[PDB]
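This report concerns only the one structure given below.
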Amino acid sequence: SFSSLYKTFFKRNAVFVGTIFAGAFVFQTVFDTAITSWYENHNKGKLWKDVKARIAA
Amino acid sequence: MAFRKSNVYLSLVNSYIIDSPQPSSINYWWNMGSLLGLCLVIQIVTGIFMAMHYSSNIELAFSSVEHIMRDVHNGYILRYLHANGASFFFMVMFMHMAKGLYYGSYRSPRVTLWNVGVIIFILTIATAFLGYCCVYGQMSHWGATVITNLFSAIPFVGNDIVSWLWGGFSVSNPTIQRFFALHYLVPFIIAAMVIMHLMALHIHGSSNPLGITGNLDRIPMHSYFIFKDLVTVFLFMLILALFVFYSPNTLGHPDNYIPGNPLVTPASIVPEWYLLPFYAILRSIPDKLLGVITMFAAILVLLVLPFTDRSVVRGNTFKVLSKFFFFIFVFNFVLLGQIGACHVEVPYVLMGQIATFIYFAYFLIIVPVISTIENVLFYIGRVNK
Amino acid sequence: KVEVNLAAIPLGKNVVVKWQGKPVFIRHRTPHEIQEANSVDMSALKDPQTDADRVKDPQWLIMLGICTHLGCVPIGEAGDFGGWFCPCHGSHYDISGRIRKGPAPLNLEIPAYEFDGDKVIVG
Amino acid sequence: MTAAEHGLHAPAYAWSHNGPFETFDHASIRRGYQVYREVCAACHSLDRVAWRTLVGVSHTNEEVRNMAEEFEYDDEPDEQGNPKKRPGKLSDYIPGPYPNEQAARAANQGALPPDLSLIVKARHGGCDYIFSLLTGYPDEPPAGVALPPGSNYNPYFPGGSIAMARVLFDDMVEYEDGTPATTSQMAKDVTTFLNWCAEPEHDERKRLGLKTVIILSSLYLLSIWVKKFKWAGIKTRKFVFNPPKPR
Amino acid sequence: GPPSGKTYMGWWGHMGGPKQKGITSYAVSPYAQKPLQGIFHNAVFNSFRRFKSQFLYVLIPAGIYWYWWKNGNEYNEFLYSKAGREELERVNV
Amino acid sequence: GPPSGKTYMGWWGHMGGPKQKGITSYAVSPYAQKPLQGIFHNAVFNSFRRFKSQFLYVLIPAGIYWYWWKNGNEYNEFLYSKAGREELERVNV
Amino acid sequence: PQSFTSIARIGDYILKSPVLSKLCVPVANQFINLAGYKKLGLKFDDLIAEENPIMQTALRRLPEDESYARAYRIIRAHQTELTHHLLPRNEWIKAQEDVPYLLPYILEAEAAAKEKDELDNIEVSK
Ligand SMILES: CCCCCCCCCCCCCCCC(=O)OC[C@H](COP(=O)([O-])OCC[N+](C)(C)C)OC(=O)CCCCCCCCCCCCCCC
Ligand code: HEC
Ligand code: HEM
Ligand code: HEM
Ligand code: FES
């Protein structure tokens with residue numbers, strides 16, 4: 001159904017640019033969340049949350 | 001006709017960017033000019049957004065740069081972007097100049113283009129020097145002291161010119177505020193000179209790596225070289241992002257994080273790395289007047305190259321000896337920079353003098369003789385007699 | 001042009017100030033140091049000058065603190081000659097401040113100064 | 001110059017933050033502030049670090065407030081125009097031990113101890129230099145070193161003769177977490193803390209660098225595809241040449 | 001407006017080249033093409049052809065200048081060592 | 001270069017005005033003339049002609065706004081005096 | 001910038017001497033083979049930079065079949081170097097095909113311009 005796919009998303013340029021901006025919004029939120037999660041999980045034990053949990057325990 | 005052609009300003013943007021006929025055969029070395037424009041936009045924008053927080057007094061210069069690095073939100077981003085983008089500005093500028101030296105872009109139509117380019121090179125060197133002295137670290141103060149004490153070698157009015165540049169009796173508060181006003185001003189002279197560069201480019205078009213005429217096969221610049229330049233724009237941004245976010249102080253000297261102390265010599269006074277070949281050509285000559293005259297001649301000997309390139313084909317694409325000596329010139333330039341980074345010691349003095357002589361013998365001796373010999377070989381290899 | 005009072009500087013001491021961004025010290029020399037300064041043959045000097053040519057007041061030795069090799073600060077009253085010792089490359093100067101041993105080509109430069117009784121105006 | 005005038009180059013220690021995906025060990029930052037306050041605060045200053053930057057790095061808010069209250073700064077003068085002192089707060093800066101450079105040089109044999117705020121970025125070698133300089137004080141200087149009075153030997157210092165005595169001996173700081181404070185452990189902790197004072201942005205900088213490298217590399221590869229897509233129509237061009245009839 | 005001087009480039013229609021006859025150009029639509037065609041063949045073979053053609057010009061000056069800089073650096077490290085201070089004072093004074 | 005739009009000014013030679021026949025210009029050299037000829041006659045007579053034709057358009061509205069401003073200034077100075085405080089509080093409240 | 005009459009003078013002196021011919025002609029043949037312009041389908045007189053009035057004169061005076069063939073070789077070299085390949089080995093310009101075809105027109109226009117300059121700067125012997 002590439003005809004329906006093209007006719008929905010890539011035929012009108014307004015729908016194309018609006019789709020790109022909606023994807024950019026979702027990608028900004030999702031990408032920053034995933035990068036901060038991967039970075040904090042890669043450095044587990046060195047963060048101030050972990051040092052704070054150690055001092056509390 | 002179209003509105004992109006009929007309008008007053010869109011005809012300029014069209015005839016420079018959208019319909020500008022480039023030859024079809026140019027390569028990724030022709031992307032460095034657009035990359036230099038990108039470097040200039042990066043430098044001017046990050047410079048304004050740090051000038052909103054920088055204070056040019058001699059008690060507040062280093063403290064205000066550290067205020068940018070600590071208190072300003074994303075101010076470390078702006079400062080490392082400005083500094084490493086100046087290093088990348090000079091990298092891409094050396095690539096632009098070297099591809100001009102290689103592909104013969106200085107010859108008969110484009111002598112005005114080459115000379116306006118040399119003027120931009122001088123102004124960009126001056127901007128980088130004043131902006132390095134604006135930080136007022138240890139290398140900033142002492143680099144300012146050395147390079148402005150160079151002008152006390154002029155025998156008539158040397159002390160007058162020196163005490164006019166300093167604003168006093170050493171490098172001080174009026175010197176640093178002078179340098180900040182000039183470092184704000186001179187990039188707009190660079191932007192006007194870039195518009196003059198684009199005029200001199202537009203009246204005759206680009207060259208191509210073959211050296212032959214490009215009027216036969218041409219392509220409009222939009223939709224081909226726009227994306228062909230977008231490739232190198234994203235590659236330049238990727239390498240600059242690496243050097244800003246992961247190795248931000250690699251291209252900087254570590255002595256600039258000492259505050260500017262006039263009573264302590266830091267035991268190796270060395271400017272930023274892109275001025276180091278000219279610093280070596282300075283220190284090669286054992287006289288203060290002839291040394292600064294030789295440094296200005298090192299910047300100004302590129303103006304001799306249109307009239308010493310005796311070749312009849314343009315560009316070293318099809319020339320064996322010219323290719324070999326061009327890369328001998330390039331690695332001599334790298335040797336000259338590494339020599340100027342070094343101290344003034346025994347093998348280094350003689351190596352710097354020999355490398356300075358090779359630098360000046362490339363334009364003045366090597367290029368006319370090699371191009372004449374290649375003219376004769378090109379004739380007699382195919383003329384049967 | 002600055003003025004330094006020579007009243008609170010006792011005999012046998014140094015005083016190091018900054019002036020126009022350059023270090024400058026004043027010494028109240030002993031007569032032993034004066035005789036030792038005028039008691040060196042100029043053949044021992046790569047840049048030979050005399051104490052009468054290098055100070056105006058033999059009691060008050062005034063000179064700039066720039067070591068003439070590359071611009072370091074010689075340490076106060078240190079070295080092997082009784083003078084000043086640049087520790088960057090090992091330069092020595094006597095109490096008259098002339099170069100004997102070291103990579104320095106010239107002596108320690110004397111600034112311009114005049115006297116007003118018990119004070120000095122350097123400039 | 002000579003090797004003694006260059007100083008010995010410090011070897012590359014496997015620091016916890018070296019490497020592009022790494023973060024400061026913030027517990028090592030807390031231990032390093034303890035060894036700064038208990039040892040290095042008697043001669044060295046930290047004139048660029050506000051108290052409010054330590055909150056969320058090595059201590060908490062009510063934990064930094066007590067130290068800031070322990071120090072005393074200048075206030076706005078009272079109604080009669082007399083000078084007045086004030087217990088410090090989070091906006092104030094970490095105070096130095098000496099009122100001025102002349103008093104510092106009077107207390108330290110004529111040599112001025114530098115402010116330690118940027119000295120990890122102000123010296124070649126960086127963290128490795130600070131660590132080797134603190135740990136590698138030889139008990140005896142090598143045979144024939146002409147040493148001045150009051151100057152100690154350190155090979156990693158340029159010149160060999162440093163004016164700072166060896167100040168880090170074993171168990172001179174009781175750590176809070178029971179970490180065994182030897183000499184090299186305290187030197188590693190102050191090097192991590194001084195590196196945080198130099199680059200307080202380090203963790204967020206490498207985080208945004210990860211985001212930026214991924215986004216820009218993806219844009220680069222996407223742009224290579226889009227470039228070759230637009231240039232297919234020219235890169236696959238075919239010129240043929242039938243010579244014209246002579247007229 | 002005013003006319004400018006004789007340039008060696010016109011615009012679209014009067015570029016100022018030779019008259020062209022008999023030269024016939026064929027192109028296809030990129031939308032009907034494969035981009036990234038031949039990139040694994042060119043990446044290991046055409047790139048090797050370009051490297052075989054143009055590496056002596058870039059590598060023999062690199063070899064000369066790097067051997068020169070390495071030899072000068074080793075001579076400096078010999079000179080400011082303890083074993084070569086006699087030669088150091090001889091070549092400095 | 002590329003052509004711009006249709007403008008209403010050409011250059012020297014092709015200005016865009018109509019065709020001219022029969023209009024004949026005469027101009028003698030300034031080096032044969034008298035500059036500062038007639039400056040005293042035109043200083044007192046031509047200047048009075050220009051001022052007489054063009055001063056009502058500039059002097060009736062200036063007089064209107066200056067009389068309005070003077071009247072408002074006098075009313076304000078009366079209001080914030082002692083004689084007009086009743087009218088002041090009346091028109092203020 | 002170097003006049004073509006001077007290149008012809010020096011090259012004719014090298015070719016007319018039996019020692020200089022057998023010493024320098026193989027050096028030039030290997031130089032031309034290393035130069036690699038034949039692998040793009042170019043003869044050498046396509047490589048001369050045309051942006052000067054002597055070369056514009058010679059290119060105006062070229063006959064039309066050589067003009068159309070030179071146009072095709074230039075466009076073919078542009079497309080070949082665009083694709084970052086070379087021409088196939090049967091499409092390389094052969095050695096006997098690499099004849100100087102523009103050279104008599106260049107040398108004639110050069111002699112005409114030199115004679116015109118010499119007559120512009122004469123001094124009549126009176
Ligand atoms: C004052 C003016 C200064 C000016 C000098 C400033 C310093 C130098 C700036 C960077 C070097 C710029 C070189 C540009 C020259 C160039 O474009 O090279 C192209 C050549 C050959 O390409 P071509 O001649 O166009 O041939 C292609 C077509 N054929 C015939 C094959 C069919 O392709 C090659 O042979 C490969 C060349 C690739 C060059 C890469 C950089 C090499 C040098 C690096 C030096 C710095 C690195 C060490 C730093 C510590
Ligand atoms: C007491 C007095 C101390 C204490 C407790 C510490 N330091 Fe150190 N320090 C000191 C002086 C007088 C000097 C100046 C010496 C000189 O001028 O060479 C220094 C020097 C440093 C340096 C700079 C070394 C250099 O310039 O290469 C660093 C870095 C340094 N000091 C760090 C440091 C650290 C991390 C400490 C932790 C407890 C420390 N010092 C203690 C005086 C004193
Ligand atoms: C031509 C482009 C420019 C170049 C090449 C350039 C170069 C430099 C360099 C090398 C530095 C020192 C950076 C460091 O080491 O920290 C610097 C500093 C600075 N520049 Fe620029 N600059 C440019 C444009 C501008 C402009 C236009 C402004 C002002 C609006 C500006 C404002 C500053 C400021 C404020 C500093 C102070 C220190 C800092 O914050 O980095 N720059 N410049
Ligand atoms: C701020 C700096 C500069 C900018 C923005 C700039 C911009 C450009 C641009 C966009 C081009 C056309 C694209 C290209 O050919 O690469 C160009 C061409 C050129 N520039 Fe620059 N330039 C700069 C500095 C210089 C310098 C320092 C020189 C050398 C002296 C120089 C010499 C040339 C030459 C010779 C050309 C023609 C190249 C050719 O067409 O073959 N430019 N410049
Ligand atoms: S600078 Fe004084 S000894 Fe070299």
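Letters A, B, ... go to the chains of the structure tokens in the order shown; residues in each chain start at 1; ligands are counted from 1 in the same order.
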Chain F fitted onto chain E, all C-alpha pairs in order, as a short mmCIF file (atom, residue, chain, number, x, y, z; two decimals) with N, CA and C atoms, in the first residue's frame:
data_model
loop_
_atom_site.label_atom_id
_atom_site.label_comp_id
_atom_site.auth_asym_id
_atom_site.auth_seq_id
_atom_site.Cartn_x
_atom_site.Cartn_y
_atom_site.Cartn_z
N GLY F 1 21.08 48.63 -16.68
CA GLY F 1 22.30 48.88 -15.94
C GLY F 1 23.51 49.05 -16.84
N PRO F 2 24.65 49.37 -16.25
CA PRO F 2 25.86 49.56 -17.04
C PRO F 2 26.55 48.23 -17.31
N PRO F 3 27.24 48.09 -18.44
CA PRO F 3 27.92 46.83 -18.74
C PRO F 3 29.27 46.73 -18.07
N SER F 4 29.62 45.51 -17.69
CA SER F 4 30.91 45.23 -17.09
C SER F 4 31.89 44.80 -18.18
N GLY F 5 33.09 44.41 -17.79
CA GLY F 5 34.12 44.05 -18.73
C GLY F 5 33.87 42.71 -19.40
N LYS F 6 34.77 42.37 -20.32
CA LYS F 6 34.70 41.09 -21.03
C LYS F 6 35.12 39.99 -20.06
N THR F 7 34.18 39.12 -19.73
CA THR F 7 34.42 38.03 -18.80
C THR F 7 34.45 36.71 -19.55
N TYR F 8 35.00 35.69 -18.90
CA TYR F 8 35.07 34.36 -19.49
C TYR F 8 33.98 33.43 -18.99
N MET F 9 32.86 33.97 -18.53
CA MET F 9 31.71 33.16 -18.16
C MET F 9 30.45 33.97 -18.42
N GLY F 10 29.55 33.43 -19.23
CA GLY F 10 28.27 34.08 -19.42
C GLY F 10 27.27 33.60 -18.41
N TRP F 11 26.09 33.23 -18.87
CA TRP F 11 25.07 32.66 -18.01
C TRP F 11 24.42 31.53 -18.79
N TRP F 12 23.27 31.07 -18.32
CA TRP F 12 22.58 29.97 -18.97
C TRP F 12 22.04 30.45 -20.31
N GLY F 13 22.65 29.98 -21.39
CA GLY F 13 22.26 30.39 -22.72
C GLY F 13 23.42 30.93 -23.51
N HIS F 14 24.30 31.69 -22.86
CA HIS F 14 25.40 32.37 -23.55
C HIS F 14 26.70 32.22 -22.76
N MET F 15 27.06 30.97 -22.42
CA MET F 15 28.16 30.70 -21.49
C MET F 15 29.50 31.25 -21.97
N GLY F 16 29.75 31.21 -23.27
CA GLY F 16 31.04 31.60 -23.79
C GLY F 16 31.92 30.45 -24.20
N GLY F 17 31.42 29.22 -24.17
CA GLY F 17 32.14 28.11 -24.73
C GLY F 17 31.99 28.09 -26.23
N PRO F 18 32.57 27.09 -26.88
CA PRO F 18 32.46 27.01 -28.34
C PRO F 18 31.09 26.50 -28.76
N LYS F 19 30.89 26.44 -30.07
CA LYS F 19 29.68 25.82 -30.58
C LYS F 19 29.81 24.31 -30.47
N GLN F 20 28.71 23.65 -30.13
CA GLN F 20 28.66 22.21 -29.96
C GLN F 20 27.65 21.62 -30.92
N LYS F 21 28.10 20.68 -31.75
CA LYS F 21 27.21 19.83 -32.53
C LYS F 21 27.69 18.40 -32.39
N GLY F 22 26.75 17.48 -32.24
CA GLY F 22 27.09 16.07 -32.26
C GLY F 22 27.30 15.44 -30.90
N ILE F 23 27.56 16.23 -29.87
CA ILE F 23 27.69 15.70 -28.51
C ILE F 23 26.28 15.56 -27.95
N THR F 24 25.91 14.35 -27.59
CA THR F 24 24.55 14.02 -27.17
C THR F 24 24.58 13.46 -25.76
N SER F 25 23.80 14.06 -24.87
CA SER F 25 23.76 13.69 -23.47
C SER F 25 22.61 12.74 -23.23
N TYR F 26 22.84 11.76 -22.38
CA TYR F 26 21.82 10.83 -21.93
C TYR F 26 21.86 10.79 -20.42
N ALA F 27 20.70 10.93 -19.79
CA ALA F 27 20.62 10.94 -18.35
C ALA F 27 19.26 10.41 -17.94
N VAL F 28 19.26 9.39 -17.11
CA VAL F 28 18.03 8.76 -16.66
C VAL F 28 17.70 9.33 -15.28
N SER F 29 16.44 9.19 -14.87
CA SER F 29 15.98 9.82 -13.65
C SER F 29 16.59 9.15 -12.43
N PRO F 30 16.99 9.92 -11.41
CA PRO F 30 17.46 9.31 -10.17
C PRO F 30 16.38 8.53 -9.45
N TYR F 31 15.12 8.92 -9.63
CA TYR F 31 14.01 8.15 -9.09
C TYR F 31 13.85 6.80 -9.77
N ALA F 32 14.53 6.56 -10.88
CA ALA F 32 14.58 5.24 -11.50
C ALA F 32 15.92 4.57 -11.29
N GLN F 33 16.82 5.21 -10.56
CA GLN F 33 18.16 4.69 -10.42
C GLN F 33 18.32 3.99 -9.08
N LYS F 34 19.53 3.54 -8.86
CA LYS F 34 19.96 3.07 -7.56
C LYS F 34 21.04 4.01 -7.08
N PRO F 35 20.75 4.93 -6.17
CA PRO F 35 21.82 5.52 -5.37
C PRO F 35 22.40 4.43 -4.48
N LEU F 36 23.63 4.66 -4.04
CA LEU F 36 24.46 3.65 -3.37
C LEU F 36 24.61 2.40 -4.23
N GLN F 37 24.72 2.59 -5.53
CA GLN F 37 25.12 1.51 -6.42
C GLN F 37 26.62 1.57 -6.56
N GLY F 38 27.28 0.44 -6.35
CA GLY F 38 28.70 0.37 -6.59
C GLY F 38 29.55 0.93 -5.49
N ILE F 39 28.96 1.29 -4.35
CA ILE F 39 29.77 1.88 -3.29
C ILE F 39 30.69 0.86 -2.65
N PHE F 40 30.35 -0.42 -2.68
CA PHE F 40 31.26 -1.39 -2.09
C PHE F 40 32.37 -1.78 -3.04
N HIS F 41 32.09 -1.84 -4.33
CA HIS F 41 33.13 -2.09 -5.32
C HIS F 41 34.08 -0.91 -5.41
N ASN F 42 33.55 0.30 -5.49
CA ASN F 42 34.39 1.48 -5.55
C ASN F 42 34.97 1.84 -4.20
N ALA F 43 34.48 1.23 -3.11
CA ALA F 43 35.08 1.47 -1.82
C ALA F 43 36.42 0.77 -1.67
N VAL F 44 36.58 -0.40 -2.28
CA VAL F 44 37.80 -1.17 -2.13
C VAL F 44 38.65 -1.21 -3.39
N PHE F 45 38.10 -0.89 -4.55
CA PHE F 45 38.85 -1.06 -5.78
C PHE F 45 39.21 0.27 -6.42
N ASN F 46 38.22 1.14 -6.62
CA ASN F 46 38.48 2.47 -7.15
C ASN F 46 39.29 3.29 -6.18
N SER F 47 39.01 3.15 -4.88
CA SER F 47 39.79 3.83 -3.86
C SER F 47 41.24 3.37 -3.85
N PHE F 48 41.49 2.07 -4.07
CA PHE F 48 42.86 1.62 -4.17
C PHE F 48 43.53 2.12 -5.43
N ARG F 49 42.78 2.26 -6.53
CA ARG F 49 43.35 2.83 -7.75
C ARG F 49 43.79 4.27 -7.53
N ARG F 50 42.93 5.08 -6.90
CA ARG F 50 43.27 6.48 -6.65
C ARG F 50 44.43 6.61 -5.68
N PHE F 51 44.44 5.78 -4.63
CA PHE F 51 45.54 5.82 -3.67
C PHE F 51 46.85 5.34 -4.29
N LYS F 52 46.79 4.31 -5.13
CA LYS F 52 48.01 3.78 -5.74
C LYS F 52 48.60 4.77 -6.73
N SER F 53 47.75 5.47 -7.47
CA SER F 53 48.28 6.47 -8.39
C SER F 53 48.80 7.70 -7.65
N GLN F 54 48.20 8.05 -6.51
CA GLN F 54 48.54 9.32 -5.90
C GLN F 54 49.06 9.24 -4.47
N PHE F 55 49.97 8.31 -4.16
CA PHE F 55 50.52 8.28 -2.81
C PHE F 55 52.02 8.49 -2.73
N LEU F 56 52.75 8.41 -3.84
CA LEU F 56 54.18 8.66 -3.75
C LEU F 56 54.46 10.15 -3.59
N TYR F 57 53.67 10.99 -4.27
CA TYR F 57 53.80 12.44 -4.13
C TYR F 57 53.47 12.91 -2.73
N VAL F 58 52.67 12.16 -1.99
CA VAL F 58 52.31 12.56 -0.64
C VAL F 58 53.12 11.82 0.42
N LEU F 59 53.74 10.70 0.07
CA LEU F 59 54.43 9.89 1.07
C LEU F 59 55.94 10.02 1.03
N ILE F 60 56.54 10.39 -0.09
CA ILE F 60 57.97 10.67 -0.07
C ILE F 60 58.26 12.00 0.64
N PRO F 61 57.57 13.13 0.38
CA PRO F 61 57.92 14.34 1.14
C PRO F 61 57.51 14.29 2.60
N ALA F 62 56.41 13.60 2.92
CA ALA F 62 56.04 13.43 4.32
C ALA F 62 57.08 12.60 5.05
N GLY F 63 57.59 11.56 4.39
CA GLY F 63 58.63 10.76 4.99
C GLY F 63 59.94 11.52 5.12
N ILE F 64 60.23 12.39 4.15
CA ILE F 64 61.44 13.22 4.20
C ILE F 64 61.38 14.17 5.39
N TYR F 65 60.28 14.91 5.53
CA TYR F 65 60.20 15.87 6.62
C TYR F 65 60.01 15.19 7.97
N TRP F 66 59.35 14.03 8.01
CA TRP F 66 59.21 13.34 9.29
C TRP F 66 60.53 12.72 9.72
N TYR F 67 61.34 12.23 8.78
CA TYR F 67 62.65 11.73 9.15
C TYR F 67 63.58 12.86 9.56
N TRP F 68 63.47 14.01 8.90
CA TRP F 68 64.26 15.18 9.29
C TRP F 68 63.88 15.66 10.68
N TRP F 69 62.58 15.72 10.97
CA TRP F 69 62.12 16.14 12.28
C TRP F 69 62.49 15.14 13.37
N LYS F 70 62.38 13.84 13.08
CA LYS F 70 62.75 12.82 14.06
C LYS F 70 64.24 12.84 14.33
N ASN F 71 65.05 13.05 13.29
CA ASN F 71 66.50 13.13 13.47
C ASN F 71 66.89 14.37 14.27
N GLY F 72 66.25 15.50 14.00
CA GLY F 72 66.53 16.70 14.77
C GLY F 72 66.09 16.59 16.22
N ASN F 73 64.95 15.92 16.45
CA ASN F 73 64.46 15.72 17.81
C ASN F 73 65.38 14.79 18.60
N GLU F 74 65.86 13.72 17.96
CA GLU F 74 66.80 12.83 18.64
C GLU F 74 68.14 13.50 18.90
N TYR F 75 68.59 14.37 17.99
CA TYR F 75 69.85 15.07 18.22
C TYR F 75 69.71 16.09 19.35
N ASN F 76 68.56 16.75 19.44
CA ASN F 76 68.32 17.68 20.54
C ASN F 76 68.24 16.96 21.87
N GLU F 77 67.54 15.82 21.90
CA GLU F 77 67.41 15.04 23.13
C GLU F 77 68.74 14.43 23.55
N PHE F 78 69.63 14.14 22.59
CA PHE F 78 70.98 13.72 22.95
C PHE F 78 71.80 14.89 23.47
N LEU F 79 71.60 16.08 22.89
CA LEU F 79 72.41 17.24 23.27
C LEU F 79 72.13 17.69 24.69
N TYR F 80 70.86 17.80 25.06
CA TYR F 80 70.53 18.24 26.41
C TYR F 80 70.41 17.09 27.39
N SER F 81 71.11 15.99 27.14
CA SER F 81 71.26 14.90 28.08
C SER F 81 72.60 15.04 28.81
N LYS F 82 72.96 14.02 29.59
CA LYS F 82 74.23 14.08 30.29
C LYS F 82 75.37 13.54 29.43
N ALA F 83 75.07 12.65 28.49
CA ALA F 83 76.11 12.06 27.65
C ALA F 83 76.65 13.02 26.61
N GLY F 84 75.92 14.08 26.29
CA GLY F 84 76.34 14.97 25.22
C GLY F 84 76.48 16.42 25.62
N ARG F 85 77.01 16.69 26.81
CA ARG F 85 77.15 18.07 27.23
C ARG F 85 78.40 18.72 26.65
N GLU F 86 79.43 17.93 26.36
CA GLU F 86 80.63 18.44 25.70
C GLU F 86 80.30 18.93 24.29
N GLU F 87 79.56 18.11 23.54
CA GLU F 87 79.09 18.54 22.23
C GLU F 87 78.09 19.68 22.34
N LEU F 88 77.34 19.74 23.44
CA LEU F 88 76.40 20.84 23.66
C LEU F 88 77.12 22.17 23.80
N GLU F 89 78.11 22.24 24.69
CA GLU F 89 78.85 23.49 24.85
C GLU F 89 79.71 23.79 23.63
N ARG F 90 80.12 22.77 22.87
CA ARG F 90 80.90 23.02 21.67
C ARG F 90 80.05 23.65 20.57
N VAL F 91 78.88 23.08 20.29
CA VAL F 91 78.02 23.64 19.24
C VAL F 91 77.18 24.81 19.73
N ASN F 92 77.20 25.09 21.03
CA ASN F 92 76.52 26.26 21.56
C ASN F 92 77.47 27.45 21.68
N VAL F 93 78.75 27.19 21.90
CA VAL F 93 79.75 28.25 21.96
C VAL F 93 80.73 28.09 20.81
#
* Skip residue D:125 itself and residues of its chain fewer than 3 positions away, then list as a count of residues only all residues within 10 Å of it, counting only C-alpha atoms. => 13
* To do: Go through the chains and note each residue within 9 Å of ligand 2, using only C-alpha atoms and all ligand atoms, then give the set as a ChimeraX atom specification.
  => /D:32,35-44,104-105,107-116,119-120,122-123,129-131,133-134,151,156-158,161-168,186-187,190-191,193-194
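Going from atom CA of residue B:248 to atom CA of residue D:54 covers 23.2 Å.
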* Structure fact -> Residue with the minimum atom-to-atom distance to residue B:131, picked from B:262, B:220, B:21, B:271 with only C-alpha atoms counted, is B:271
* To do: Within 8 Å of ligand 1, which residues show up when you count only C-alpha atoms and all ligand atoms? List them as a ChimeraX atom specification, please.
  => /B:27,29,91-92,94-99,101-103,209-210,298-299,302,315-318,323,327,329-331,333-334,338 /E:50,53-55,57-58 /G:35-37,39-40,81,84-86
* Expected answer as a count of residues only: residues within 7 Å of ligand 3, only C-alpha atoms and all ligand atoms -> 28
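Using only C-alpha atoms, the protein and nucleic acid residues lying no more than 9 Å from stretch 1-4 of chain G, apart from those fewer than 2 places from it along its own chain, are residues 108, 307, 308, 309, 310, 311, 312, 372 and 375 of chain B; 6, 7, 8, 9, 103, 106, 107 and 110 of chain G.
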Could the residues in this selection be saved with C-alpha atoms as a PDB file, in the first residue's frame?
ATOM      1  CA  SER B 108      45.111  35.248 -14.971  1.00  0.00           C
ATOM      2  CA  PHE B 307      53.485  36.200 -11.809  1.00  0.00           C
ATOM      3  CA  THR B 308      55.943  33.420 -10.969  1.00  0.00           C
ATOM      4  CA  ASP B 309      53.759  30.464 -11.976  1.00  0.00           C
ATOM      5  CA  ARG B 310      55.223  30.232 -15.481  1.00  0.00           C
ATOM      6  CA  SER B 311      53.079  27.286 -16.561  1.00  0.00           C
ATOM      7  CA  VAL B 312      50.780  27.207 -19.558  1.00  0.00           C
ATOM      8  CA  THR B 372      59.317  26.113 -17.199  1.00  0.00           C
ATOM      9  CA  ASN B 375      56.490  23.349 -20.239  1.00  0.00           C
TER      10      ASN B 375
ATOM     11  CA  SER G   6      59.725  30.478 -26.204  1.00  0.00           C
ATOM     12  CA  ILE G   7      58.608  26.912 -25.468  1.00  0.00           C
ATOM     13  CA  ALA G   8      58.880  26.151 -29.186  1.00  0.00           C
ATOM     14  CA  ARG G   9      62.354  27.730 -29.318  1.00  0.00           C
ATOM     15  CA  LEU G 103      49.996  24.813 -31.711  1.00  0.00           C
ATOM     16  CA  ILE G 106      48.854  29.637 -31.063  1.00  0.00           C
ATOM     17  CA  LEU G 107      52.322  30.302 -32.512  1.00  0.00           C
ATOM     18  CA  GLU G 110      51.731  34.875 -30.789  1.00  0.00           C
TER      19      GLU G 110
END
* Asked: How far is it from atom CA of residue D:171 to atom CA of residue D:185, in Å with one decimal?
  -> 10.0 Å
